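Structural characterization, general
Single-letter residue listing:
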4 protein chains.
Amino acid sequence: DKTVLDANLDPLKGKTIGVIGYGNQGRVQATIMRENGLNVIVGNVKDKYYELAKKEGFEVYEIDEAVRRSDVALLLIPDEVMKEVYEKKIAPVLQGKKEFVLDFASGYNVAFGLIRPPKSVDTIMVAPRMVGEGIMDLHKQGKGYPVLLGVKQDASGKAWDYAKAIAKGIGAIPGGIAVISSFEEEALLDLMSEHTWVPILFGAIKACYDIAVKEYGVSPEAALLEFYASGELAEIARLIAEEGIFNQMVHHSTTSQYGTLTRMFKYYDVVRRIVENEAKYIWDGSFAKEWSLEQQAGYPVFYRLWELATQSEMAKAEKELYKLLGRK
Amino acid sequence: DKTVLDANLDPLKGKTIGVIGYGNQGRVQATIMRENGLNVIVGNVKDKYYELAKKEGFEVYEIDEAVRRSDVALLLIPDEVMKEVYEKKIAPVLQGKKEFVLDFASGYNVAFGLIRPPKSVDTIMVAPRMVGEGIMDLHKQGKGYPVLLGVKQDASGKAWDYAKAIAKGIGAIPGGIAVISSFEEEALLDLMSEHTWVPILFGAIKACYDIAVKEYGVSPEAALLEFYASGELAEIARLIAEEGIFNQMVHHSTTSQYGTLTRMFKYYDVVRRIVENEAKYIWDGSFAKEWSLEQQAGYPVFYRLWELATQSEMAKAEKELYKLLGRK
Amino acid sequence: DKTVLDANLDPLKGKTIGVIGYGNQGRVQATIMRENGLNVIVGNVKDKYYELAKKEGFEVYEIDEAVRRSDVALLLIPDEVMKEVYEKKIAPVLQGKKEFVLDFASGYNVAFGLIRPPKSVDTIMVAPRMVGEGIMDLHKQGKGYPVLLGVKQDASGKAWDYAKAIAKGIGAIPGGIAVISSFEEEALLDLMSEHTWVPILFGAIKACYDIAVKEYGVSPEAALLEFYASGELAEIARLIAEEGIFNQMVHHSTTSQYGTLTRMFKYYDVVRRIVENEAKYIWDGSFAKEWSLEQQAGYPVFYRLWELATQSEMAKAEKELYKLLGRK
Amino acid sequence: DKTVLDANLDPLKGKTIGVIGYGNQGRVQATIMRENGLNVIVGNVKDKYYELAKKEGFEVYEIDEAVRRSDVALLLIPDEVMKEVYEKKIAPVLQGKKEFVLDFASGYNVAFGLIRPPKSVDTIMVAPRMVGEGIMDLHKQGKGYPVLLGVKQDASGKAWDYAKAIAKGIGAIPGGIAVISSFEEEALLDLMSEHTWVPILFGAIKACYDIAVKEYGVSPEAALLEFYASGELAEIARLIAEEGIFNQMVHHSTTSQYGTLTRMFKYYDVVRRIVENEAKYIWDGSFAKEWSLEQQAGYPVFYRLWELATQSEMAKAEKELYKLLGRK
Ligand SMILES: [Mg+2]
Ligand SMILES: [Mg+2]
Ligand SMILES: [Mg+2]
Ligand SMILES: [Mg+2]
């Protein structure tokens, strides 16, 4: 449809490639890049990660050095450490370079205007789709892992070609798919995930535990063993990624199927309203504001909630148990 | 009533006059001041505006220089660039000068405590009442344009005299009126305007367009030509400023009058509640907090909303059309 | 799209042209017509307007005479004086003429069945888009002013050609656009305008004034000078018609932009509901009934509301002030 | 306060006095006028009332004749027969006379714009305050009966003098009071009375009867004898007009006082809301529209409701009873 199965590595050999960051994503993607027959330069703060950088025989310049000698760059560092790096070591160096390309791994800091490069350069995006560490093995196998991509600013016109060449140069394709889209969409999706069906799930589990062991005289042990302390969910998720979310259910018992489907169609509207609210709250921009402020203030709420969770009942029972199984 | 038609230029000749800013308001008011037989000194950042400053043969000192050699000063720069200037180049220099006068063009940054000068000096206000560029021509004609004024701090007692002398020295009077009031009132009014009947109007127009071209099969063209792409509203606003808001309507058709009046008296209560809410939200101070934070965060929401607007349907249709008419 | 930029003056020379009315619209459009090299006949009541008619050297027949000698006619008189003229001096004369064309300036009296000509004739529409007097100058310049047009009844088939020829013969094009549409749409639009965002605006202004000068101790003077007694709105409306509703805002201060956009997106749903209600109320036909009855009864409500408005506080304060400025 | 106890009969002798109408109010007030040493002319339709007119030795001209020979006139005919008389026999004759005075007995037909005389004349009001027949006897005694008065249009300036002279010429003063007010107020008051506490009272009585004789097994006879078939209410109303609404209650039993006061203060808010609604509905003008339409339609609802009332149970029982007492 709006997909590409494979493409050319046409321009990105004859130029240098800047990789800013050597952590979860930077180190890995750079490993793959070097594997793809490319010229490694890696600008990074001379901290622990620097060891890490040069513990794989790379050219670890400092950030300014890298971009100066680079014709293209990647910002694979996280979203919150940025806006300081950019202003300090980058924003200045931009004005000299003019045929420079800037790519990201997430449209967050750019889809909300937190970063506004000059017109001189081209602005694109490319996104992996899993835990970071999870890509290592899937490439070790050598099977395609998919990505997204989008463009914000095309002064040259080679933008799309650049995007596809990079997608290939990281090996996401062949084997996987590459979808054309925008930044807005990417960020929207990541945040809808992190905001809608994860926390709901967790809260529902928590409530089930509370109810059982507060109003029906159950011991924590059975509650935990049922809800999550068993590896059921893992097999479920796996079967989903292989056969299909629904068809998967064929491998369960009927009773389960009936109750599940009924209750699902019975509650759709509620979660629908919820998701509408949250997606709107995002599309506007409120959440980015909220989070930037929480960073500027000292991460208080973060702390309090981590504490409440780790100091609730379920967590202590889980500690006892996981200890009993030897699980760390 | 509480008005003055004309007053004396008594003290403000024998002193120097500091004008901080040379933009929309500073450049203009300083033009008029020099026209009034006065001594021009203009402290400004040595940026583009500096050219602008000295492209009219003024004494462009730097800010500190100006205030040092000034006995009175004006802050005609915007509201958001301030609180940095004040702390850096001003707050220090205050402690030396003691008979110094400080005047503003808006009570925003002072009515909410964002600025608290020392007791040594006198604190006043004086406010024009239009687009800035709009005052240029109305003076080119030489007809009075009105203003406000208020006082916050009077250590001498000459405050009011100073205010009136300045009002005259900028030419707002003769010909216009000068109202005594406070800062609170001025800011409250500006913000009620910017928050209540402008955005409501825009949203209503937008909704009318959406409804028509989504549920009655109209083409954007007619919708736009009716609602705003015609210069009707301009003639309306003009007739208002000349005859009176209501009496104006005499020049319309009856049908229009009937429907308008009916619907107006039919919906008063709703907008009343709304305006109450917003005015309270302001009187408290919440909005200033909100906005200062949005500045500290990176203007995200600003950006997203500019995008949504400029990337909605109505805007694209309007672009097509205005192109068709040759309008920029 | 569904637009025409210019067209032919093909049939409308070789026939006579009936203009019923010589007021805001009739006199003007007839001026332009005579300017376009055409044969002027003007049926009008022998009242003041008759002087007016023949104070421009026209052939002022009486209505019946005009239509008798006309092959085509225009009803540029208002909407409420009609339904008496039609029945008395027109409906009879129709039955003789058979290749007769009938055009209007508004679909009100025909979109609601208040007028139902015989099948013998062709029924069309053509609509200017401003105050009437406002077209005079825009033609004096000679730049296209746009219109609408639609058809109700085509016995010949030349209808569209007739419509376009007339549009050209009044000079709306070249320079402007001409949109094909129906009557329903035209009337719907005019009334949505006159019912939704005008009265809302007025009521909001009124409420702001009331609130300020009743609960925060402001004097009427400043309230008025802020809200409307300044020509701000005029410059706003003008910039809209030139650059675009939104892009316009660039010439304002940020703060204004932020507050405006926020509050706009915050209240959209309310005005949406309102506009839905009113548009439905119209689409049905209720409003036409209401208004025709109010005419049959003696225009009471009209009177009472004119009084309330002209005898409210804001109006008296405005009178004092506008007197103070010399404004009539 | 805003009252006058007695005044001069200064201008109104040396002019003729037009009395349009010879019914409840016209015949009576004209009787008093002739008694006051004045020149009787009475324009009236040559119907039964004409006999009536000239059965008291008056100069019964026809309407046009009267006004032609009159310098001042009174419209003491009802409110619904008017707007036909005015247009037919009056509106024309106005344009000749220029120092003419026009007075009314109710601001209804003028406070709602149903009548708009030319600027040439003076427009005033004067209002009796009881049943019409009730004034006959109170003058037969010769004790002052009060009135209102107001002005709408004063081209001369003698208006107020004219009003007071007339008030005296009808004998309302001396002995009574004359209050200055407007038309709006007069009409508003009459209608609030006719709309708020009369119908409420009637409906409450009706409901009490229904409840008793439907849910507690009472016979109509006792219900009627208690509620209204006894002359209690008459003595109550009389004592009110003499001592005072409240002080009156002293002549009752305590129990009654206690229950009455309690329940009164217990229900104030409800009737308050009601009265607000109705007074607004009037102040606007809606009711006049409603009523004029009901007249234009054929008085249907009037008829149906008269029937329902006269054909309800309470009415039949009352007929039986009043027959039993011989009361007509
Ligand atoms: Mg993520
Ligand atoms: Mg402002
Ligand atoms: Mg119209
Ligand atoms: Mg009455």
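**Comments concerning the overall build of chain A**
The helix and strand tally for chain A stands at 14 helices and eight strands. Seen along its three principal axes, the alpha-carbon backbone of chain A occupies a region of about 70 × 45 × 40 Å. Relative to its 328 residues, chain A shows a buried fraction of 36%. For chain A, the share of sequence-separated contacts (at least 6 apart) that also reach a separation of at least 24 residues comes to 66%. In the structure as shown, chain A presents an accessible area of about 19100 Å², 59% of it carried by carbon and sulfur atoms. Positive and negative side-chain charges of chain A, numbering 40 and 46 respectively, have mean locations separated by a distance of 3 Å.

**Some remarks on the coordination of the magnesium ion (ligand 1)**
Around a metal, the perfect tetrahedron of four donors has angles of 109.5 degrees, and the perfect octahedron of six donors has angles of 90 or 180 degrees. In the first shell of the magnesium ion (ligand 1), the protein supplies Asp190(A) (OD) and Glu194(A) (OE), at 2.5 to 2.7 Å from the metal. Of this pair, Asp190(A) and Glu194(A) both sit in helix α8 (residues 183–215), separated by four residues, roughly a single helical turn.

**What about the relation of the copies chain B and chain C?**
By a simple turn and slide, chain B fits onto chain C: the slide is 0.0 Å along the axis, the RMSD is 0.0 Å, and the turn is 180 degrees. The two molecules are tied by a two-fold rotation axis, judged by turn and shift. Every residue of chain B has its C-alpha some distance from the rotation axis, and the shortest such distance is that of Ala234(B), at 2.6 Å. In this assembly the copies share their binding face: 100% of the residues contributing to the interface of chain B also contribute to that of chain C.

**A look at the interface of chain B and chain C**
Taken together, the 101 residues of chain B in the interface contact 101 residues of chain C. Roughly 11000 Å² is buried in total at the junction of chain B and chain C, and carbon and sulfur atoms are behind 73% of that figure. Counting across the interface, chain B meets chain C through eight salt bridges. Note that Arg263(C) and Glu278(B) form a salt bridge whose closest N and O atoms lie 3.3 Å from each other. At the boundary of chain B with chain C, the tally comes to 30 residue pairs in polar contact. Mapped by element, the contributors of at least two residues to the side of chain B that touches chain C are α8 (183–215), α9 (220–227), α10 (232–242), α11 (254–284), α12 (286–297), α13 (300–310) and α14 (313–324) of chain B. In terms of residue count, the dominant contributor to the side of chain B that touches chain C is α11(B) (25 residues). Across the side of chain B that touches chain C, the residue classes break down as 57 nonpolar, 19 polar and 25 charged.

**Quick word on the sheet that holds strand β3 (residues 40–43) of chain B**
Residue and element names in this part refer to chain B. Spatially, the eight strands line up as an open sheet ordered β1-β8-β7-β6-β5-β4-β2-β3, and their pairing is mixed. Every interior strand has two partners, whereas the edge strands, β1 (3–4) and β3, have only one. Pairing analysis gives four bridges linking strand β4 (residues 72–75) to strand β5 (residues 101–104), with the strands arranged parallel. Pairing of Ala73 across the sheet is with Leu102, part of β5.

**Regarding the nonpolar core**
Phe227(B), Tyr228(B), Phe227(C) and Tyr228(C) are the most contacted members of the largest nonpolar core, which has 103 residues in total. The contacts of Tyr228(C), once residues within four sequence positions are left out, are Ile240(B), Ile245(B), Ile205(C), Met314(C), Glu318(C) and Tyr322(C).

**Some details on the relation of the copies chain B and chain A**
Between chain B and chain A, which share one sequence, the superposing operator has a rotation angle of 120 degrees and an axial displacement of 0.1 Å; the RMSD is 0.0 Å. Those values place the two copies in the arrangement expected of a three-fold rotation axis. Proximity to the rotation axis, assessed at the C-alpha, singles out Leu293(B) in chain B; its C-alpha lies 4.5 Å from the axis. Interface residue correspondence from chain B to chain A reaches only 17%, placing this contact among heterologous pairings that use different surfaces.

**Quick look at the interface of chain B and chain A**
At the interface, 12 residues of chain B touch 17 residues of chain A. Summed over the three residues of chain B that lose the most area to chain A, namely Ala297(B), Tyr303(B) and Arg304(B), the buried surface amounts to 47% of that side. Along the contact surface separating chain B from chain A lie one salt bridge. As a salt-bridge pair, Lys289(A) and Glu294(B) come within 3.1 Å of each other at their nearest N and O atoms. Counting across the chain B and chain A interface gives five residue pairs in polar contact. When contributions to the side of chain B that touches chain A are tallied by element, the ones reaching two or more residues are α12 and α13 of chain B.

**Digging into the coordination of the magnesium ion (ligand 4)**
All names here are of chain D. The protein atoms donating to the magnesium ion (ligand 4) are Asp190 (OD) and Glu194 (OE), with metal-donor distances spanning 2.5 to 2.7 Å. On the basis of relative accessibility, which here comes to 32%, the residue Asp190 falls in the partly exposed class. Judged by its relative accessible area of 48%, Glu194 falls in the partly exposed class.

**Some points on a nonpolar patch on the surface**
Residue and element names in this part refer to chain A. Nonpolar side chains collect at one region of the surface, where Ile240, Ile245, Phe246, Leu261, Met264 and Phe265 lie side by side and expose about 580 Å² of accessible area between them. Of all the elements, helix α11 (residues 254–284) adds the most residues to the nonpolar patch, at three residues. Summarising the element assignment, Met264 is placed in helix α11. Taking the relative accessible area as the measure of exposure, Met264 reaches 36% and is therefore partly exposed.

**Some remarks on the pattern of salt bridges**
Tallying each qualifying case throughout the model produces 42 salt bridges over all chains. The closest approach of N and O atoms between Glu290(C) and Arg263(B), which form a salt bridge, is 3.7 Å. One end of the pair, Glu290(C), is in helix α12 (residues 286–297); the other, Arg263(B), is in helix α11, on a second chain. In this pair, the class of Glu290(C) matches that of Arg263(B), namely buried. Ionic pairing is found between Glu56(C) and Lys55(C), a salt bridge with its closest N-O pair at 2.4 Å. Residue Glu56(C) is classed as partly exposed on the basis of its relative accessible area of 23%.

**Side note on the arrangement of the chains**
Ranked by contact count, the leading pair among the five pairs of chains in contact consists of chains B and C. A minimum C-alpha distance of 38 Å separates chain A and chain D, which share no contact.

**Details of the environment of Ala172(D)**
Residues and elements named next belong to chain D. Examined against the element boundaries, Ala172 turns out to sit in the loop between α7 (159–169) and β8 (178–180). Looking at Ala172, the relative accessible area reads 0%, which means it is buried. Separated by 28 residues in the primary sequence, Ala172 and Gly144 place their C-alpha atoms 5.2 Å from one another. Sequence-distant contacts of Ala172, defined by excluding residues within four places in its chain, comprise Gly144, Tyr145, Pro146, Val147 and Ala167.

**Let's talk about the pairing of strand β4 (residues 72–75) of chain C**
Residues and elements named next belong to chain C. Where burial is concerned, the two faces of β4 agree: the one with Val72 and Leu74 and the one with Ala73 and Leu75 are both buried. In this sheet, β4 lies alongside strand β2 (residues 17–20) in parallel orientation, the contact comprising four bridges. Directly across from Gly18, in β4, lies its bridge partner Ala73. Read from β4 through helix α4 (residues 85–94) to strand β5 (residues 101–104), the crossover connection turns out right-handed.

**Points about the domain arrangement of chain A**
For interface size, the figure often reported is the accessible area lost on association. All names here are of chain A. Segmentation of chain A into domains returns domain 1 (1–181) and domain 2 (182–328). Computed from C-alpha coordinates alone, the two centres of domain 1 and domain 2 are separated by 32 Å. Each partner contributes to the roughly 1200 Å² buried at the junction of domain 1 and domain 2, and carbon and sulfur atoms together form 70% of this total. For the interface between domain 1 and domain 2, the tally reads zero salt bridges. Inspection of the domain 1/domain 2 interface yields one residue pair in polar contact. Going through the elements one at a time, α5 (108–111), β6 (122–127) and β7 (147–153) are the ones with two or more residues in the side of domain 1 that touches domain 2.

**What about the sheet that holds β4(C)?**
If you trace the eight strands from one edge of the open sheet to the other, you get β1-β8-β7-β6-β5-β4-β2-β3 (chain C), paired in mixed fashion. Of all the strands in the sheet, just β1 (3–4) and β3 (40–43) of chain C have a single pairing partner and so form its edges.

**A few points about the environment of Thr196(C)**
Structurally, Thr196(C) can be placed in helix α8 (residues 183–215). In this structure the C-alpha to C-alpha distance between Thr196(C) and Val275(C), which are 79 residues apart in sequence, comes to 6.4 Å. In this structure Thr196(C) touches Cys208(B) and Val275(C), once residues within four positions along its chain are discounted. At a separation of 2.5 Å, a polar atom in the side chain of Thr196(C) contacts the main-chain carbonyl oxygen of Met192(C).

Parameters and conventions
- Residues numbered from 1 in each chain as written, not as in the entry; some residues may be left out.
- Chains lettered and ligands numbered in written order.
- Part of a larger assembly, values for the part shown.
- Heavy atoms only, no water.
- Helix = DSSP H or I, 4+ residues; strand = E, 2+ residues; numbered from the N terminus.
- Buried < 20%, exposed > 50% of the residue type's maximum accessible area, 1.4 Å probe, protein only.
- Contact = heavy atoms within 4.5 Å.
- Areas by Shrake-Rupley, 256 points an atom, 1.4 Å probe, with all protein chains shown as cover.
- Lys, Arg positive; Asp, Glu negative; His and termini not counted.
- Charge placed at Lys NZ, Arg CZ, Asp CG, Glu CD.
- Donors = N, O, S within 2.8 Å, 3.2 Å for Na, K, Ca; no water.
- Least-squares fit on C-alpha atoms.
- Buried area = accessible area lost by both parts, 1.4 Å probe.
- Salt bridge = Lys/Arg side-chain N within 4 Å of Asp/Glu carboxyl O.
- Polar contact = N/O pair within 3.5 Å; in protein donor to acceptor, adjacent residues only side chain to side chain.
- Nonpolar A, V, L, I, M, F, W, Y, C, P; charged D, E, K, R; others polar.
- Pairing = 2+ DSSP bridges.
- Core = buried A, V, L, I, M, F, W, Y, C linked by side-chain atoms within 4.5 Å.
- Patch = residues over 30% accessible without salt bridge, like charges linked within 9 Å, V, L, I, M, F, W, Y side chains within 5 Å.
- Right-handed = clockwise from strand over helix to strand, strands pointing away.
- Domains from an automatic or database assignment.

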